[PDB]
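What follows is target23.pdb (PDB, C-alpha atoms and all ligand atoms).
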```
MODEL        1
ATOM      1  CA  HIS A   4       7.655   5.711 -18.651
ATOM      2  CA  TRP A   5       5.245   6.725 -15.842
ATOM      3  CA  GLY A   6       6.867   7.763 -12.558
ATOM      4  CA  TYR A   7       6.758  10.288  -9.729
ATOM      5  CA  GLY A   8       8.900  13.054 -11.237
ATOM      6  CA  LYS A   9       7.946  16.461 -12.638
ATOM      7  CA  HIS A  10       7.681  15.185 -16.175
ATOM      8  CA  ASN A  11       6.031  11.777 -15.686
ATOM      9  CA  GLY A  12       4.386  11.963 -12.233
ATOM     10  CA  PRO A  13       0.826  11.942 -11.021
ATOM     11  CA  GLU A  14      -0.289  15.065 -12.888
ATOM     12  CA  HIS A  15       0.680  13.362 -16.181
ATOM     13  CA  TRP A  16      -0.846   9.919 -15.623
ATOM     14  CA  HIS A  17      -4.261  10.770 -17.012
ATOM     15  CA  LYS A  18      -2.862  10.980 -20.519
ATOM     16  CA  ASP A  19      -2.056   7.262 -20.668
ATOM     17  CA  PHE A  20      -4.651   6.273 -18.043
ATOM     18  CA  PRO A  21      -7.708   8.504 -18.380
ATOM     19  CA  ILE A  22      -9.386   6.798 -15.425
ATOM     20  CA  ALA A  23      -7.000   8.981 -13.373
ATOM     21  CA  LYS A  24      -9.795  11.539 -13.496
ATOM     22  CA  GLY A  25     -12.475   8.954 -12.626
ATOM     23  CA  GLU A  26     -15.160   8.898 -10.031
ATOM     24  CA  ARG A  27     -13.486   6.603  -7.487
ATOM     25  CA  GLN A  28      -9.789   7.416  -7.488
ATOM     26  CA  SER A  29      -7.392   6.893  -4.588
ATOM     27  CA  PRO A  30      -5.898   7.946  -2.312
ATOM     28  CA  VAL A  31      -8.147  10.443  -0.564
ATOM     29  CA  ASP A  32      -8.042  12.650   2.470
ATOM     30  CA  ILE A  33      -9.881  11.009   5.325
ATOM     31  CA  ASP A  34     -11.853  13.715   7.064
ATOM     32  CA  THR A  35     -12.325  12.011  10.413
ATOM     33  CA  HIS A  36     -15.155  14.197  11.495
ATOM     34  CA  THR A  37     -17.194  13.442   8.300
ATOM     35  CA  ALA A  38     -16.520   9.690   8.273
ATOM     36  CA  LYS A  39     -19.694   7.829   9.263
ATOM     37  CA  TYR A  40     -19.425   5.266  12.046
ATOM     38  CA  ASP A  41     -21.135   2.163  10.644
ATOM     39  CA  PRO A  42     -22.130  -0.217  13.432
ATOM     40  CA  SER A  43     -22.985  -2.754  10.739
ATOM     41  CA  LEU A  44     -19.291  -3.077   9.760
ATOM     42  CA  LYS A  45     -17.578  -6.255  10.984
ATOM     43  CA  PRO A  46     -14.197  -6.581  12.634
ATOM     44  CA  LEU A  47     -11.685  -7.104   9.909
ATOM     45  CA  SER A  48     -10.285 -10.688   9.898
ATOM     46  CA  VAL A  49      -6.601 -10.741   9.094
ATOM     47  CA  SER A  50      -5.400 -14.371   8.880
ATOM     48  CA  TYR A  51      -1.687 -14.270   8.074
ATOM     49  CA  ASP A  52      -0.428 -17.349  10.013
ATOM     50  CA  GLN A  53       0.413 -19.450   6.918
ATOM     51  CA  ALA A  54       1.829 -16.647   4.780
ATOM     52  CA  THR A  55       4.621 -17.645   2.425
ATOM     53  CA  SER A  56       6.736 -14.754   1.263
ATOM     54  CA  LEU A  57       8.770 -15.533  -1.813
ATOM     55  CA  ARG A  58      10.823 -12.616  -3.213
ATOM     56  CA  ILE A  59      11.463  -8.883  -2.868
ATOM     57  CA  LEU A  60      12.061  -6.642  -5.857
ATOM     58  CA  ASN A  61      12.699  -3.003  -6.822
ATOM     59  CA  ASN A  62      10.480  -2.247  -9.804
ATOM     60  CA  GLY A  63      11.622   1.368 -10.246
ATOM     61  CA  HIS A  64       8.483   2.685  -8.470
ATOM     62  CA  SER A  65       8.596   1.024  -5.054
ATOM     63  CA  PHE A  66       9.852  -2.221  -3.589
ATOM     64  CA  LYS A  67       7.488  -5.119  -3.281
ATOM     65  CA  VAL A  68       7.429  -8.373  -1.349
ATOM     66  CA  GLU A  69       5.540 -11.073  -3.245
ATOM     67  CA  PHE A  70       3.721 -13.992  -1.658
ATOM     68  CA  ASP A  71       2.668 -17.458  -2.714
ATOM     69  CA  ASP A  72      -1.007 -16.794  -3.383
ATOM     70  CA  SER A  73      -1.696 -20.149  -5.061
ATOM     71  CA  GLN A  74      -3.733 -21.314  -2.094
ATOM     72  CA  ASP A  75      -5.567 -19.779   0.849
ATOM     73  CA  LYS A  76      -2.557 -18.985   3.039
ATOM     74  CA  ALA A  77      -2.701 -15.275   4.026
ATOM     75  CA  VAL A  78      -6.235 -13.915   3.719
ATOM     76  CA  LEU A  79      -8.329 -10.916   4.588
ATOM     77  CA  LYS A  80     -12.052 -11.111   5.182
ATOM     78  CA  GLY A  81     -14.878  -9.540   7.160
ATOM     79  CA  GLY A  82     -14.821  -5.801   7.704
ATOM     80  CA  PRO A  83     -16.554  -4.316   4.667
ATOM     81  CA  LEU A  84     -15.698  -7.296   2.494
ATOM     82  CA  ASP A  85     -17.902 -10.035   1.198
ATOM     83  CA  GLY A  86     -15.903 -13.186   0.552
ATOM     84  CA  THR A  87     -12.167 -13.960   0.939
ATOM     85  CA  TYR A  88      -9.214 -11.944  -0.343
ATOM     86  CA  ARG A  89      -5.736 -13.461  -0.676
ATOM     87  CA  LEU A  90      -2.558 -11.529   0.000
ATOM     88  CA  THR A  91      -0.389 -11.260  -3.106
ATOM     89  CA  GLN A  92       2.154  -8.532  -2.237
ATOM     90  CA  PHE A  93       2.915  -5.605  -0.048
ATOM     91  CA  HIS A  94       4.815  -2.439  -0.816
ATOM     92  CA  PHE A  95       5.312   1.039   0.616
ATOM     93  CA  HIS A  96       5.137   4.681  -0.366
ATOM     94  CA  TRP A  97       7.358   7.183   1.428
ATOM     95  CA  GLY A  98       8.730  10.696   1.384
ATOM     96  CA  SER A  99      11.991  12.596   1.069
ATOM     97  CA  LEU A 100      11.342  13.960   4.624
ATOM     98  CA  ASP A 101       9.295  12.618   7.540
ATOM     99  CA  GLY A 102       6.469  15.125   7.016
ATOM    100  CA  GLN A 103       5.322  13.551   3.765
ATOM    101  CA  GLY A 104       5.182  10.136   2.135
ATOM    102  CA  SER A 105       1.709   8.711   2.832
ATOM    103  CA  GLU A 106      -0.898   8.517   0.111
ATOM    104  CA  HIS A 107      -3.948   8.746   2.272
ATOM    105  CA  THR A 108      -4.050  11.678   4.662
ATOM    106  CA  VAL A 109      -5.996  12.052   7.887
ATOM    107  CA  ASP A 110      -7.545  15.507   8.358
ATOM    108  CA  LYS A 111      -4.827  16.607   5.876
ATOM    109  CA  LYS A 112      -2.043  15.098   7.992
ATOM    110  CA  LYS A 113       0.612  13.314   5.941
ATOM    111  CA  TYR A 114       2.464  10.431   7.505
ATOM    112  CA  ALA A 115       6.104   9.556   6.769
ATOM    113  CA  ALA A 116       5.082   6.459   4.789
ATOM    114  CA  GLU A 117       2.227   4.102   4.043
ATOM    115  CA  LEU A 118       2.284   0.305   3.808
ATOM    116  CA  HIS A 119      -0.122  -1.368   1.383
ATOM    117  CA  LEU A 120      -0.978  -5.035   1.698
ATOM    118  CA  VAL A 121      -2.669  -5.987  -1.583
ATOM    119  CA  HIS A 122      -5.236  -8.768  -1.656
ATOM    120  CA  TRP A 123      -7.462 -10.178  -4.406
ATOM    121  CA  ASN A 124     -10.957 -11.587  -4.217
ATOM    122  CA  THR A 125     -10.689 -15.341  -4.691
ATOM    123  CA  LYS A 127     -14.078 -15.376  -6.560
ATOM    124  CA  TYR A 128     -12.067 -14.002  -9.560
ATOM    125  CA  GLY A 129      -9.416 -16.716  -9.473
ATOM    126  CA  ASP A 130      -6.301 -14.547 -10.095
ATOM    127  CA  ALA A 131      -5.127 -11.084  -9.183
ATOM    128  CA  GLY A 132      -5.081  -9.799 -12.799
ATOM    129  CA  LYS A 133      -8.659 -10.804 -13.390
ATOM    130  CA  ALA A 134      -9.602  -9.458  -9.996
ATOM    131  CA  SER A 135      -8.139  -6.064 -10.929
ATOM    132  CA  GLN A 136     -10.739  -5.827 -13.732
ATOM    133  CA  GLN A 137     -13.665  -6.000 -11.252
ATOM    134  CA  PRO A 138     -15.157  -3.286  -9.062
ATOM    135  CA  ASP A 139     -14.817  -5.514  -5.942
ATOM    136  CA  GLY A 140     -11.666  -7.272  -7.103
ATOM    137  CA  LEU A 141      -9.008  -6.056  -4.674
ATOM    138  CA  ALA A 142      -8.789  -5.089  -1.032
ATOM    139  CA  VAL A 143      -5.823  -3.048   0.038
ATOM    140  CA  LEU A 144      -5.036  -2.766   3.710
ATOM    141  CA  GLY A 145      -3.271   0.520   4.321
ATOM    142  CA  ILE A 146      -1.168   1.233   7.380
ATOM    143  CA  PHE A 147       0.451   4.566   8.168
ATOM    144  CA  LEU A 148       4.039   4.805   9.343
ATOM    145  CA  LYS A 149       5.237   7.519  11.713
ATOM    146  CA  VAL A 150       8.855   8.003  12.720
ATOM    147  CA  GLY A 151       9.749   7.260  16.337
ATOM    148  CA  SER A 152      10.586   3.863  17.875
ATOM    149  CA  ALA A 153      11.676   1.089  15.505
ATOM    150  CA  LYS A 154       9.308  -1.595  14.296
ATOM    151  CA  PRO A 155      11.220  -4.854  14.890
ATOM    152  CA  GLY A 156       9.112  -6.724  12.318
ATOM    153  CA  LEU A 157      10.244  -4.329   9.595
ATOM    154  CA  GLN A 158      13.946  -4.862  10.171
ATOM    155  CA  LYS A 159      14.269  -7.968   7.960
ATOM    156  CA  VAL A 160      12.921  -5.905   5.071
ATOM    157  CA  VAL A 161      15.143  -2.916   5.625
ATOM    158  CA  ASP A 162      18.288  -5.037   5.969
ATOM    159  CA  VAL A 163      17.720  -6.593   2.519
ATOM    160  CA  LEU A 164      17.234  -3.260   0.671
ATOM    161  CA  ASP A 165      20.930  -2.728  -0.102
ATOM    162  CA  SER A 166      20.644  -5.876  -2.306
ATOM    163  CA  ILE A 167      17.853  -4.383  -4.448
ATOM    164  CA  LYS A 168      19.094  -0.788  -4.703
ATOM    165  CA  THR A 169      18.206  -0.135  -8.340
ATOM    166  CA  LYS A 170      15.326  -0.852 -10.625
ATOM    167  CA  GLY A 171      15.096  -4.446 -11.778
ATOM    168  CA  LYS A 172      16.959  -6.044  -8.857
ATOM    169  CA  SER A 173      15.269  -8.787  -6.920
ATOM    170  CA  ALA A 174      16.201 -11.297  -4.199
ATOM    171  CA  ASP A 175      14.897 -14.349  -2.423
ATOM    172  CA  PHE A 176      12.822 -13.307   0.559
ATOM    173  CA  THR A 177      11.298 -16.257   2.386
ATOM    174  CA  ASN A 178       9.845 -16.635   5.860
ATOM    175  CA  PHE A 179       8.908 -12.972   6.279
ATOM    176  CA  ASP A 180       5.903 -12.721   8.571
ATOM    177  CA  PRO A 181       3.673  -9.745   7.674
ATOM    178  CA  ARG A 182       1.984  -9.963  11.072
ATOM    179  CA  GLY A 183       5.063  -8.087  12.309
ATOM    180  CA  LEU A 184       3.952  -4.962  10.346
ATOM    181  CA  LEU A 185       0.549  -4.521  11.929
ATOM    182  CA  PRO A 186      -0.467  -2.123  14.742
ATOM    183  CA  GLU A 187      -2.390  -3.367  17.791
ATOM    184  CA  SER A 188      -5.773  -2.115  16.715
ATOM    185  CA  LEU A 189      -7.688  -3.126  13.576
ATOM    186  CA  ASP A 190     -10.018  -0.133  13.772
ATOM    187  CA  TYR A 191     -10.335   1.182  10.237
ATOM    188  CA  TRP A 192     -11.841   3.502   7.682
ATOM    189  CA  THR A 193     -13.124   2.095   4.427
ATOM    190  CA  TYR A 194     -14.205   3.442   1.080
ATOM    191  CA  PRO A 195     -14.368   2.341  -2.584
ATOM    192  CA  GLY A 196     -11.417   3.466  -4.640
ATOM    193  CA  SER A 197      -8.646   2.608  -7.009
ATOM    194  CA  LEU A 198      -5.080   1.515  -7.492
ATOM    195  CA  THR A 199      -2.833   4.480  -6.669
ATOM    196  CA  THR A 200      -0.462   3.654  -9.507
ATOM    197  CA  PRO A 201      -1.114   3.119 -13.193
ATOM    198  CA  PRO A 202      -3.220   1.507 -14.446
ATOM    199  CA  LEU A 203      -5.336   3.230 -11.766
ATOM    200  CA  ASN A 204      -8.123   0.634 -12.043
ATOM    201  CA  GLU A 205     -11.207   1.338  -9.937
ATOM    202  CA  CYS A 206     -11.144  -2.119  -8.390
ATOM    203  CA  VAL A 207     -10.143  -1.539  -4.736
ATOM    204  CA  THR A 208     -11.996  -1.655  -1.436
ATOM    205  CA  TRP A 209      -9.644   0.400   0.716
ATOM    206  CA  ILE A 210      -9.300  -0.471   4.394
ATOM    207  CA  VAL A 211      -7.092   2.086   6.135
ATOM    208  CA  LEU A 212      -6.157   1.390   9.728
ATOM    209  CA  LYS A 213      -6.535   4.232  12.183
ATOM    210  CA  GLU A 214      -3.482   3.342  14.254
ATOM    211  CA  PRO A 215      -0.107   4.009  12.648
ATOM    212  CA  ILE A 216       2.936   1.877  13.267
ATOM    213  CA  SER A 217       6.105   3.491  14.497
ATOM    214  CA  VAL A 218       9.309   2.950  12.554
ATOM    215  CA  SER A 219      12.682   4.426  13.384
ATOM    216  CA  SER A 220      14.481   7.147  11.470
ATOM    217  CA  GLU A 221      17.155   4.609  10.610
ATOM    218  CA  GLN A 222      14.584   2.265   9.093
ATOM    219  CA  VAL A 223      13.017   4.939   6.856
ATOM    220  CA  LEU A 224      16.441   6.276   5.861
ATOM    221  CA  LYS A 225      17.141   2.867   4.365
ATOM    222  CA  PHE A 226      13.959   3.173   2.214
ATOM    223  CA  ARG A 227      15.325   6.517   0.984
ATOM    224  CA  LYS A 228      18.583   4.888  -0.164
ATOM    225  CA  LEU A 229      16.788   2.966  -2.870
ATOM    226  CA  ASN A 230      16.980   4.283  -6.446
ATOM    227  CA  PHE A 231      14.244   4.783  -8.983
ATOM    228  CA  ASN A 232      16.769   4.331 -11.765
ATOM    229  CA  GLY A 233      18.429   1.222 -13.143
ATOM    230  CA  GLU A 234      22.131   0.613 -12.408
ATOM    231  CA  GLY A 235      24.165   2.794 -14.820
ATOM    232  CA  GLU A 236      21.538   5.534 -15.245
ATOM    233  CA  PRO A 237      21.617   8.923 -13.441
ATOM    234  CA  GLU A 238      21.065   8.368  -9.736
ATOM    235  CA  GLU A 239      17.636   9.481  -8.547
ATOM    236  CA  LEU A 240      16.739   8.440  -5.018
ATOM    237  CA  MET A 241      13.457   6.581  -4.652
ATOM    238  CA  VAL A 242      11.630   9.102  -2.493
ATOM    239  CA  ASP A 243       8.257  10.787  -2.768
ATOM    240  CA  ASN A 244       6.728   7.790  -4.539
ATOM    241  CA  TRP A 245       3.209   8.791  -3.399
ATOM    242  CA  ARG A 246       0.166   9.944  -5.306
ATOM    243  CA  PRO A 247      -1.513  12.924  -3.650
ATOM    244  CA  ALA A 248      -5.123  12.872  -2.421
ATOM    245  CA  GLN A 249      -7.739  12.767  -5.165
ATOM    246  CA  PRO A 250     -11.268  14.178  -5.183
ATOM    247  CA  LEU A 251     -13.665  12.239  -3.002
ATOM    248  CA  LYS A 252     -16.557  12.887  -5.438
ATOM    249  CA  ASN A 253     -19.672  10.920  -4.612
ATOM    250  CA  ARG A 254     -18.151   8.741  -1.873
ATOM    251  CA  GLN A 255     -18.687   8.204   1.804
ATOM    252  CA  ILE A 256     -15.871   7.030   4.041
ATOM    253  CA  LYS A 257     -17.121   4.685   6.733
ATOM    254  CA  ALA A 258     -15.494   4.127  10.170
ATOM    255  CA  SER A 259     -15.516   0.812  11.997
ATOM    256  CA  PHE A 260     -15.179   2.700  15.320
ATOM    257  CA  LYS A 261     -16.681   5.306  17.610
TER     258      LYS A 261
HETATM  259  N1  LIG A 301       8.138  -9.852  10.117
HETATM  260  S1  LIG A 301       9.326 -10.808  10.820
HETATM  261  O1  LIG A 301       8.989 -12.178  10.520
HETATM  262  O2  LIG A 301      10.559 -10.196  10.384
HETATM  263  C1  LIG A 301       9.105 -10.551  12.589
HETATM  264  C2  LIG A 301      10.071 -10.011  13.470
HETATM  265  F1  LIG A 301      11.387  -9.885  13.194
HETATM  266  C3  LIG A 301       9.743  -9.638  14.785
HETATM  267  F2  LIG A 301      10.709  -9.200  15.587
HETATM  268  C4  LIG A 301       8.451  -9.781  15.283
HETATM  269  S2  LIG A 301       8.156  -9.237  16.941
HETATM  270  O3  LIG A 301       6.776  -9.495  17.390
HETATM  271  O4  LIG A 301       8.674  -7.850  16.874
HETATM  272  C5  LIG A 301       9.205 -10.184  18.028
HETATM  273  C6  LIG A 301       8.593 -10.593  19.361
HETATM  274  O5  LIG A 301       9.130 -11.893  19.635
HETATM  275  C7  LIG A 301       7.456 -10.240  14.403
HETATM  276  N2  LIG A 301       6.135 -10.276  14.861
HETATM  277  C8  LIG A 301       5.094 -11.280  14.591
HETATM  278  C9  LIG A 301       5.022 -12.630  13.864
HETATM  279  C10 LIG A 301       3.848 -13.313  14.635
HETATM  280  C11 LIG A 301       3.074 -12.169  15.256
HETATM  281  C12 LIG A 301       1.780 -12.155  15.848
HETATM  282  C13 LIG A 301       1.328 -10.904  16.332
HETATM  283  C14 LIG A 301       2.046  -9.693  16.308
HETATM  284  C15 LIG A 301       3.324  -9.727  15.678
HETATM  285  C16 LIG A 301       3.780 -10.941  15.127
HETATM  286  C17 LIG A 301       7.826 -10.606  13.074
HETATM  287  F3  LIG A 301       6.860 -11.050  12.215
HETATM  288  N1  LIG A 302      -0.946   1.448  -4.163
HETATM  289  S1  LIG A 302      -1.530   0.216  -4.836
HETATM  290  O1  LIG A 302      -1.718  -0.832  -3.892
HETATM  291  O2  LIG A 302      -2.610   0.579  -5.708
HETATM  292  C1  LIG A 302      -0.259  -0.445  -5.910
HETATM  293  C2  LIG A 302       0.999   0.106  -6.122
HETATM  294  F1  LIG A 302       1.399   1.232  -5.528
HETATM  295  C3  LIG A 302       1.978  -0.482  -6.911
HETATM  296  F2  LIG A 302       3.184   0.097  -7.025
HETATM  297  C4  LIG A 302       1.726  -1.679  -7.589
HETATM  298  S2  LIG A 302       3.001  -2.280  -8.652
HETATM  299  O3  LIG A 302       2.646  -3.517  -9.185
HETATM  300  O4  LIG A 302       4.153  -2.322  -7.844
HETATM  301  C5  LIG A 302       3.143  -1.023 -10.031
HETATM  302  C6  LIG A 302       2.105  -1.041 -11.123
HETATM  303  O5  LIG A 302       0.881  -0.427 -10.596
HETATM  304  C7  LIG A 302       0.475  -2.208  -7.479
HETATM  305  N2  LIG A 302       0.087  -3.360  -8.234
HETATM  306  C8  LIG A 302      -0.998  -3.349  -9.134
HETATM  307  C9  LIG A 302      -0.798  -3.185 -10.618
HETATM  308  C10 LIG A 302      -1.918  -3.896 -11.276
HETATM  309  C11 LIG A 302      -2.437  -4.880 -10.232
HETATM  310  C12 LIG A 302      -3.225  -5.992 -10.420
HETATM  311  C13 LIG A 302      -3.588  -6.733  -9.292
HETATM  312  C14 LIG A 302      -3.054  -6.397  -8.029
HETATM  313  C15 LIG A 302      -2.162  -5.295  -7.908
HETATM  314  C16 LIG A 302      -1.876  -4.497  -8.998
HETATM  315  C17 LIG A 302      -0.461  -1.618  -6.634
HETATM  316  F3  LIG A 302      -1.641  -2.204  -6.425
HETATM  317 ZN    ZN A 303       0.419   1.359  -2.772
ENDMDL
END
```

Please, can you express the file's structure as structure tokens?
Amino acid sequence: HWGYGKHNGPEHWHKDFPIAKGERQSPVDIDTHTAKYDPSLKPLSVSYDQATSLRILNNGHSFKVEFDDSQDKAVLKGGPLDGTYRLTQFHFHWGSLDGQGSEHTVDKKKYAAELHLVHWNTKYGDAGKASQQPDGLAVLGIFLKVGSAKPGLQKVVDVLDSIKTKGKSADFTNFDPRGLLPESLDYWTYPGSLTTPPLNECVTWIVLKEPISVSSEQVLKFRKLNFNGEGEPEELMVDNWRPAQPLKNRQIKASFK
């Protein structure tokens, strides 16, 4: 199966998913000096007040919190986007140590983790169909650094011991994703891809400039999850990040400066 290990990790994915070597793959390094300030970009609109979280699960790659996306409840618009994008799930990528774990990098700096809030363009009706379109998804990426705790993350971390191994899931209602956001919505944006198989080139990435702070104790709970199913050799779920991919013929735009 595909994974993050030596024998099935990112360097292997192109064999089953040849788009891995495509022209708009993610993540990328964000060279802040080269990013073009675009005064035509709009403020992002993040409207999460009616979000309805449903469940949390360990799928052997990450953990994911899924939302009720059957109506317009938690939506992203504005910024670089045309139309409305509905939140369907968020998940994280993180490292074995605090000096790695993010997918995007900023002037080559790696953060301890990266949160991805995945949204689909409602003009395509469902997230699967959206993932087949060049403008189908918008993923809001937020870096995590280790320092003071993020109180809004604590409900997630306290539930992780219930989903330790691949295939476990639990009820996870009333989680407010507004508690995961930094103060500023200044962002970089570029056209890219899913960072996991199938690697579809369907994502408008919106990466916030300001990281959130999480505590060491919060990230150490991420690192207690297992990639493996219960019974199988124990392999901690760490370093579940794809490294930066070639920028190729893309421009990263900044909403600021
Ligand atoms: N994710 S959660 O439901 O476990 C949850 C929290 F547990 C939590 F503590 C906070 S807080 O702002 O740190 C608490 C201040 O009262 C938030 N913060 C929220 C919800 C509403 C809102 C609006 C702006 C900024 C943050 C938040 C939260 F969504
Ligand atoms: N980093 S990222 O945001 O690119 C990203 C993931 F990192 C990730 F793990 C998942 S997954 O569903 O948990 C695993 C299979 O890709 C998805 N989900 C994908 C799979 C296909 C699809 C279709 C519509 C919306 C999301 C996804 C994902 F979009
Ligand atoms: Zn992701």

Would you name the residues within 6 Å of ligand ZN 303 (chain A), counting only C-alpha atoms and all ligand atoms, and put them as a PDB file with C-alpha atoms, in the frame of the given file?
```pdb
ATOM      1  CA  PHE A  95       5.312   1.039   0.616  1.00  0.00           C
ATOM      2  CA  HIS A 119      -0.122  -1.368   1.383  1.00  0.00           C
ATOM      3  CA  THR A 199      -2.833   4.480  -6.669  1.00  0.00           C
TER       4      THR A 199
END
```

Quiz prompt | Result set, the PyMOL selection byres (((chain A and resi 184-190) around 12) and not hetatm) on current file, as number ranges by chain | solution = A: 40-41, 44-51, 79, 81-83, 93-95, 117-120, 144-149, 153-160, 179-183, 191-193, 210-218, 257-261

Per residue of chain A within 7 Å of ligand LIG 302 (chain A), which atom pair is closest and at what distance in Å (one decimal), using all atoms listed in the file, listed by chain and increasing number, as a tab-separated table?
```
residue	atom	partner	partner_atom	distance
A:62	CA	A:LIG302	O4	6.6
A:64	CA	A:LIG302	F2	6.1
A:65	CA	A:LIG302	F2	5.8
A:67	CA	A:LIG302	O4	6.3
A:94	CA	A:LIG302	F1	6.9
A:119	CA	A:LIG302	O1	5.5
A:121	CA	A:LIG302	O1	5.7
A:123	CA	A:LIG302	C14	6.8
A:131	CA	A:LIG302	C13	4.6
A:132	CA	A:LIG302	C12	4.9
A:134	CA	A:LIG302	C13	6.6
A:135	CA	A:LIG302	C13	4.9
A:141	CA	A:LIG302	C14	6.8
A:143	CA	A:LIG302	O1	6.1
A:197	CA	A:LIG302	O2	6.5
A:198	CA	A:LIG302	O2	3.2
A:199	CA	A:LIG302	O2	4.0
A:200	CA	A:LIG302	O5	4.4
A:201	CA	A:LIG302	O5	4.8
A:202	CA	A:LIG302	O5	5.9
```

Exercise. Calculate how many Å separate atom CA of residue 241 of chain A from atom CA of residue 7 of chain A, rounding to one decimal.
Key: 9.2 Å

Taking every listed atom of ligand LIG 301 (chain A) and adding 6 Å to each side, what centre and edge lengths in Å (one decimal) does the axis-aligned box have, as lines of an AutoDock Vina configuration file?
```
center_x = 6.4
center_y = -10.6
center_z = 14.9
size_x = 22.1
size_y = 17.5
size_z = 21.5
```

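Each of A:22, A:163, A:142, A:90 was checked against ligand LIG 301 (chain A) using only C-alpha atoms and all ligand atoms; the smallest atom-to-atom distance is that of A:163.
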
Exercise. Let me know the residues the PyMOL selection byres (((chain A and resi 63) around 9) and not hetatm) catches in the file above, as a list in words.
Key: residues 6, 61, 62, 64, 65, 66, 169, 170, 171, 230, 231, 232, 233 and 241 of chain A

Exercise. Please write as a PyMOL selection string the full residue list that the PyMOL selection byres (((chain A and resi 59) around 6) and not hetatm) yields on this file.
Key: chain A and resi 58+60+67-68+173-174+176

Exercise. Take atom CA of residue 31 of chain A and atom CA of residue 80 of chain A and report the distance between them in Å, one decimal.
Key: 22.6 Å

Quiz prompt | Interatomic distance (Å, one decimal) between atom CA of residue 220 of chain A and atom CA of residue 70 of chain A | solution = 27.1 Å

Quiz item: From the list A:73, A:91, A:56, A:255, which residue is nearest ligand LIG 301 (chain A) when using only C-alpha atoms and all ligand atoms?
Solution: A:56

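Take the candidates A:14, A:89, A:111, A:178 and check each one against ligand LIG 301 (chain A) using only C-alpha atoms and all ligand atoms; the shortest distance goes to A:178.
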
Self-check item: residue 107 of chain A surroundings by all atoms listed in the file, 7 Å radius, close-in-sequence under 5 positions cut, as number ranges by chain
Solution: A: 30-32, 248

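The smallest atom-to-atom distance between ligand LIG 301 (chain A) and any of A:19, A:162, A:106, A:130, using only C-alpha atoms and all ligand atoms, is found for A:162.
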